[PDB]
Ligand SMILES: NC(=O)c1ccc[n+]([C@@H]2O[C@H](COP(=O)([O-])OP(=O)(O)OC[C@H]3O[C@@H](n4cnc5c(N)ncnc54)[C@H](O)[C@@H]3O)[C@@H](O)[C@H]2O)c1
Ligand SMILES: NC(=O)c1ccc[n+]([C@@H]2O[C@H](COP(=O)([O-])OP(=O)(O)OC[C@H]3O[C@@H](n4cnc5c(N)ncnc54)[C@H](O)[C@@H]3O)[C@@H](O)[C@H]2O)c1
Ligand SMILES: Nc1nc2c(ncn2[C@@H]2O[C@H](COP(=O)(O)OP(=O)(O)OP(=O)(O)O)[C@@H](O)[C@H]2O)c(=O)[nH]1
Ligand SMILES: Nc1nc2c(ncn2[C@@H]2O[C@H](COP(=O)(O)OP(=O)(O)OP(=O)(O)O)[C@@H](O)[C@H]2O)c(=O)[nH]1
Ligand SMILES: Nc1nc2c(ncn2[C@@H]2O[C@H](COP(=O)(O)OP(=O)(O)OP(=O)(O)O)[C@@H](O)[C@H]2O)c(=O)[nH]1
Ligand SMILES: Nc1nc2c(ncn2[C@@H]2O[C@H](COP(=O)(O)OP(=O)(O)OP(=O)(O)O)[C@@H](O)[C@H]2O)c(=O)[nH]1
Ligand SMILES: Nc1ncnc2c1ncn2[C@@H]1O[C@H](COP(=O)(O)OP(=O)(O)OP(=O)(O)O)[C@@H](O)[C@H]1O
Ligand SMILES: Nc1ncnc2c1ncn2[C@@H]1O[C@H](COP(=O)(O)OP(=O)(O)OP(=O)(O)O)[C@@H](O)[C@H]1O
Ligand SMILES: O=c1[nH]cnc2c1ncn2[C@@H]1O[C@H](COP(=O)(O)O)[C@@H](O)[C@H]1O
Ligand SMILES: O=c1[nH]cnc2c1ncn2[C@@H]1O[C@H](COP(=O)(O)O)[C@@H](O)[C@H]1O
Ligand SMILES: O=c1[nH]cnc2c1ncn2[C@@H]1O[C@H](COP(=O)(O)O)[C@@H](O)[C@H]1O
């Protein structure tokens with residue numbers, strides 16, 4: 001027999017003293033496994049599951065098309081901000097969705113009568129090189145040939161008037177697959193064909209769809225990417241709660257959004273509940289994420305309205321000044337614990353929103369019940385963030401401002417310190433998270449939360465001196481160098 | 001008639017007051033042309049000419065294979081440092097040379113009896129994907145087939161034992177060109193072939209050489225690259241003046257160095273002159289660059305020894321502490337002017353070495369007679385610089401230390417502030433240089449120096465208050481944001 | 001007085017001074033009188049002028065520790081002889097002969113070259129003389 | 001023939017502008033020898049000669065018996 005040490009989560013938060021991420025620790029356990037065995041699959045909404053617990057917040061300083069793509073390629077997800085025109089946001093969503101497609105049912109096509117100028121224009125506009133050619137120049141017509149970049153490289157920049165009929169590979173020479181073939185078999189006939197495209201045709205011999213080799217190359221290159229049933233990246237977008245956001249929502253849903261995150265400082269309001277009802281009534285197949293909530297009472301009515309996933313955290317963001325504009329707020333540790341313990345019964349996952357500044361906080365938030373963790377400032381200065389770097393005091397920086405920072409300024413605008421590529425940063429966050437889980441002794445995140453709720457995971461309250469002692473405190477100067 | 005204003009160069013430097021880059025200006029002239037018309041072709045040695053005036057200094061914190069490639073791809077050149085093993089430096093030189101080749105006379109080949117594991121190993125080791133296959137597995141044998149990446153992608157990671165005979169395209173199907181064909185015609189048969197390779201063969205039907213499409217793609221992508229007669233990048237390397245550097249020089253010359261830069265703090269010495277003579281005696285086809293010199297007398301004996309190009313500047317580097325270890329030195333403006341005016345008669349170009357910190361200094365050094373300008377600190381923290389970034393005080397930095405900074409420390413070690421890609425930084429330097437030349441009114445750099453020597457380009461001496469006034473002085477805080 | 005670097009040690013020997021007297025460089029070496037004391041996370045030895053105190057003609061300060069004299073002086077000698085070598089002088093007598101005969105030629109250094117003559121482009125740095 | 005560069009000492013100090021150690025340099029020359037061949041014997045007085053040019057100043061914060069010994073052991077002297 002060995003004495004019990006530490007306080008269970010319910011015992012630590014029973015005092016109602018207002019703890020946060022920096023005021024407690026997790027006592028370590030046992031290791032019977034290697035860190036890489038840790039499984040990080042985390043639920044985002046009741047019908048969406050991610051292969052990593054990391055999300056990017058919807059703001060005008062993060063989550064462009066580039067950041068959304070770079071996040072979706074590592075299992076996470078990206079929420080495009082709504083501080084922009086409805087058609088601009090829909091364009092960004094379409095751009096994120098059209099990255100890898102499989103069956104491309106709406107490609108770019110042309111006709112023999114077109115000219116090399118047309119293929120060059122299509123290239124310069126979209127980036128798609130391959131262009132199937134059809135009699136009429138649309139899908140509902142017989143296939144004639146395909147023109148790609150390798151057919152345009154050797155031109156002399158003065159024969160652009162040449163008709164595409166003189167550069168396409170004729171239909172008789174193409175390799176195609178009959179319509180109705182499953183993707184697996186289509187990928188097989190593409191690979192054994194050892195070529196770059198397969199324009200699918202039917203018994204009538206007219207183009208129906210097309211497949212590309214670089215798509216399966218990307219699949220082989222990024223095993224952890226997040227995709228829907230059509231083998232294309234998942235994308236999210238934020239929306240307000242005005243009567244004029246219905247048009248924006250319609251535009252987004254036509255663009256192909258998968259999950260919508262209602263965006264407000266406080267979720268508890270008739271205005272938000274009405275839009276949740278509207279979304280569930282007009283788009284029954286769309287996943288909606290509730291607004292900011294910090295309380296069980298603040299959640300109950302949103303869950304009743306029909307939110308598929310909640311977003312917990314208010315007044316806590318590294319840019320948020322709600323706690324000073326108004327007196328309202330709640331420390332993030334208490335908020336996460338006391339909205340997750342209530343939400344677990346109805347099966348609605350939670351998103352620990354704001355306040356994350358280190359892998360320690362990323363693992364703490366995942367320990368307290370948050371299925372996934374949303375993160376705005378850490379990803380603020382990565383290469384994928386929108387904007388262009390600028391040199392402030394002998395250092396290149398990217399601006400970082402809250403989306404409501406400006407009648408009243410609820411936020412602040414600042415600068416962050418450059419971090420390199422998201423595709424090279426996220427793996428380090430994943431490695432740190434799984435190392436922390438290993439040290440705790442958790443086979444996975446679901447087990448990590450099971451240990452907490454059953455009482456097996458025991459915390460200890462950290463005083464101020466231990467908070468200072470918990471960092472680096474005895475050095476004259478130093479450097480960090482995370483591997484990233 | 002309008003009065004003459006300003007001091008010619010000879011009038012400005014006649015006072016022997018020890019001016020530098022910050023103590024004078026160039027009065028502006030007339031504009032009858034657009035900036036982009038400025039031609040920046042600059043001589044490096046008596047038999048090497050560059051399409052840009054920028055060089056990277058040989059140091060252990062710059063000019064790796066990556067930086068040398070990134071510089072050679074923009075017209076400049078890169079000098080690989082000699083603070084490394086002879087075989088390591090030779091490997092770096094060979095790596096820089098084997099970037100784009102045209103006729104690849106020593107490719108990687110294999111034989112039917114090999115296995116897919118062999119092609120995968122060659123890929124993982126070198127990076128070359130295409131591998132012509134021959135009966136014996138060497139050049140002196142009949143060609144049988146070629147295996148590339150598109151023939152290996154669809155394998156299942158468990159049939160690696162498969163013989164390459166089951167994946168190569170057989171000789172009967174290949175497209176080849178007869179031996180003795182000129183490169184232009186070979187490139188033509190490659191482009192009209194609309195295919196990725198041409199393994200050259202002779203009347204005996206055995207492999208002699210091979211060409212690649214990505215090489216001419218790079219040629220089309222980088223019009224300003226610097227290459228020798230064999231269509232591969234120029235590379236330079238530094239060497240010491242000991243009796244044991246002969247082996248290093250032999251290894252480098254076998255690796256294919258084009259220009260050698262004798263590396264010493266002071267060039268005037270029997271030890272340096274003896275190695276200049278040795279190089280000219282054993283490698284008559286090699287361009288050698290003299291050591292650091294600051295005086296006409298200091299140059300005369302090196303020119304007599306046979307230096308093909310001089311390197312002017314001593315005690316001036318942003319990291320150099322020679323002026324404090326010893327009393328010797330000379331301000332860079334006076335040194336450049338008074339070693340270029342002497343060197344012009346013998347036709348030996350000059351390299352303004354050290355002290356450059358801005359495009360203003362880059363254009364000042366080119367105005368005073370320096371055919372090309374060598375630059376170590378500006379390129380110090382770019383992505384291509386050797387080493388990995390590290391976070392010091394909320395900012396990621398790359399170390400920058402002088403190659404002699406450590407019996408006695410003649411240098412210092414510090415940090416620099418990250419600058420992004422060389423391929424994205426050098427174009428901004430070129431644009432700034434040509435804008436300055438345009439403002440002066442010079443059609444090109446040769447005209448810019450002609451105006452100075454003839455007296456048409458007139459400077460003015462800048463006092464301390466104008467030095468402060470010449471910058472930014474009235475702002476509380478600010479940002480720069482160069483386009484780069 | 002006024003010597004602060006091997007550069008000044010060689011400059012003073014170039015201008016005619018047969019030998020050079022030096023007070024501050026040797027101030028904090030282990031052999032200096034007194035005991036080290038920690039001021040701001042650093043152990044230092046006091047350094048004050050002998051007339052620093054009716055009237056104070058001097059000042060009292062602190063210096064930064066330098067290790068043994070027997071391990072410091074050889075580095076000064078090595079630096080001096082390296083500077084003489086770079087000048088091209090077989091010895092100090094020859095170094096002064098060249099100056100008086102006119103063979104040793106100086107150049108006047110302006111303020112910008114004084115800044116340029118040091119370390120000026122680094123964010124932070126370290127020196128580490130071998131000593 | 002190679003032009004003369006720089007100012008002799010008498011030419012540099014003729015201006016009576018008040019130069020110091022930080023306001024001038026020595027232009028470099030030629031090397032036909034190794035550094036260790038440099039001989040540093042320096043005269044201290046008319047009847048005393050030292051093997052190094054370094055002296056320690058007489059002050060209450062330097063030149064005790066220990067510093068005088070440590071200096072005399074390297075050719076110099078201690079006051
Ligand atoms: N998560 C955080 O910590 C946090 C906090 C504050 C702000 N923010 C960010 O700033 C943005 C702005 O926040 P906000 O709360 O000021 O904006 P908001 O639109 O969510 O709320 C501001 C006001 O809008 C009103 N409103 C909403 N719908 C309405 C309707 N249909 N009719 C009439 N009035 C209506 C509300 O009553 C409220 O007074 C958020 O969308 C979010 O991106 C985040
Ligand atoms: N350009 C600058 O401002 C500058 C200044 C100082 C140092 N540096 C860098 O630091 C490096 C080191 O400079 P350094 O002058 O100390 O090194 P170096 O080898 O060039 O000279 C140092 C010593 O080597 C001796 N030496 C050279 N060849 C010899 C031989 N064959 N036999 C005997 N002795 C020989 C010289 O006599 C001299 O005393 C340089 O190569 C350069 O990269 C640059
Ligand atoms: N054309 C095409 N095929 C794809 C794409 N992504 C996956 N596939 C194919 O669809 C199947 C997906 O199974 P896996 O290869 O295991 O892919 P994965 O890494 O599990 O990725 P997911 O299946 O999305 O979880 C295989 O036949 C893939 O080759 C894509 O973007 N385009
Ligand atoms: N830009 C663009 N990409 C599309 C479009 N539709 C599908 N894609 C996908 O984007 C990629 C476009 O591939 P291509 O531009 O043909 O690529 P490529 O010419 O083979 O060149 P690389 O793949 O880059 O070597 C594929 O992954 C397509 O599935 C479209 O309309 N525009
Ligand atoms: N195979 C091959 N051919 C090349 C390469 N570089 C240039 N060429 C060809 O050689 C000739 C070079 O002439 P240009 O096309 O004008 O090239 P450039 O931009 O002037 O480059 P340089 O000729 O090196 O100055 C053309 O036939 C090119 O296609 C290369 O790396 N590989
Ligand atoms: N790594 C490597 N490159 C070589 C070698 N010899 C020549 N090269 C050049 O390096 C490039 C190698 O091209 P590959 O690796 O075949 O390129 P690829 O498979 O066509 O793929 P991408 O060109 O990157 O789309 C060409 O520019 C060659 O000319 C070698 O031995 N190793
Ligand atoms: N399905 C197909 N059947 C027959 N020929 C095809 C097919 N797809 C492409 N081609 C032809 O093959 C050649 C190049 O095909 P590929 O797909 O490699 O082009 P690409 O991918 O744009 O080349 P690159 O690697 O330069 O981007 C062209 O002649 C093109 O018309
Ligand atoms: N000269 C040639 N003649 C005939 N077939 C060739 C020739 N060169 C390559 N191939 C074949 O063409 C196919 C792919 O050629 P390609 O040069 O596009 O490969 P790759 O450049 O490695 O492709 P990727 O774009 O994926 O890198 C393979 O079947 C290869 O064996
Ligand atoms: O202007 C703003 N005011 C207040 N909160 C904001 C503002 N913009 C974004 N936020 C939120 O602040 C959090 C930012 O996460 P962080 O990385 O902890 O700063 C997220 O919840 C954002 O949605
Ligand atoms: O350790 C060193 N001491 C002195 N000079 C150095 C050292 N390393 C490099 N240098 C030179 O200092 C110059 C650096 O250029 P910068 O960019 O002006 O610093 C070049 O001449 C380098 O060759
Ligand atoms: O109290 C003082 N006032 C003024 N000069 C002093 C005093 N003490 C020492 N000195 C002199 O100042 C010089 C010190 O050399 P330093 O190393 O250049 O400071 C020597 O000439 C000392 O003799």
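Count begins at 1; order follows the chain as displayed.
Using N, Cα and C of the backbone, Cβ positions are placed for all residues, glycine too.
According to Swiss-Prot, the feature phosphoserine maps to B:149, an assignment based on a large-scale study or a structure entry. If you look up Swiss-Prot, you'll see B:263, B:264, B:265, B:313, B:314, B:315 marked as NAD(+) binding site. Residues or ranges marked as K(+) binding site by Swiss-Prot: B:315, B:317, B:320, B:469, B:470, B:471. Here Swiss-Prot flags B:318, B:353, B:354, B:355, B:376, B:377, B:400, B:401, B:402, B:403, B:404, B:410 as IMP binding site. Look at Swiss-Prot and you will find B:320 tagged as active site, thioimidate intermediate, backed by sequence analysis. Swiss-Prot lists B:330, B:344 with the feature omega-N-methylarginine, giving similarity to another entry as the kind of evidence.
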Would you kindly give the Cα-Cα distance separating residue B:404 (IMP binding site) and residue B:265 (NAD(+) binding site), rounded to the nearest Å?
9
Using Cβ atoms and a cut-off of under 8 Å, determine which of the binding-site residues B:263, B:265, B:317, B:404, B:470 neighbour chain D, and list them by sequence position, or give 'none'.
none
Helix, strand or coil for the residue listed as 'phosphoserine'? Use DSSP.
helix
Quick one: of B:314, B:315, B:318, B:330, B:400, which recorded positions have a CB closer than 8 A to some CB in chain C?
B:315, B:318, B:330, B:400
Pairwise Cα distance for residue B:314 (NAD(+) binding site)/residue B:330 (omega-N-methylarginine) [Å, integer]:
7
Write down the Cα-Cα distance for residue B:317 (K(+) binding site) and residue B:354 (IMP binding site), rounded and given in Å.
4
Binding-site residues compared (B:313, B:402, B:404, B:470) - the one with the fewest other Cβ atoms within 10 Å:
B:470
Set of same-chain residues at least 6 away whose C-beta sits under 8 angstroms from residue B:330 (omega-N-methylarginine):
B:18, B:294, B:295, B:314, B:315, B:316
Roughly how many Å separate the Cα of residue B:320 (K(+) binding site) from that of residue B:402 (IMP binding site), to the nearest whole number?
7
Using C-alpha positions only, work out which of the recorded positions B:264, B:344, B:469 is nearest to residue B:376 (IMP binding site).
B:264
Binding-site residues: B:263, B:469 - member with fewest neighbouring CB atoms within 10 Å:
B:469
Between residue B:317 (K(+) binding site) and residue B:264 (NAD(+) binding site), how far is it from one CA atom to the other, in Å?
13
NAD(+) site, defined by B:263, B:264, B:265, B:313, B:314, B:315: further same-chain residues with Cβ within 8 Å of the Cβ centre:
B:266, B:267, B:291, B:292, B:311, B:320, B:322, B:353
Just counting, how many other CB atoms are there within 10 A of the CB of residue B:317 (K(+) binding site)?
28
If you draw a 10 Å sphere on the Cβ of residue B:264 (NAD(+) binding site), how many other Cβ atoms land inside?
22
So which of the recorded positions B:149, B:263, B:344, B:354, B:404, B:471 sit close to ligand 6, that is, with a CB under 6 Å from an atom of it?
B:149
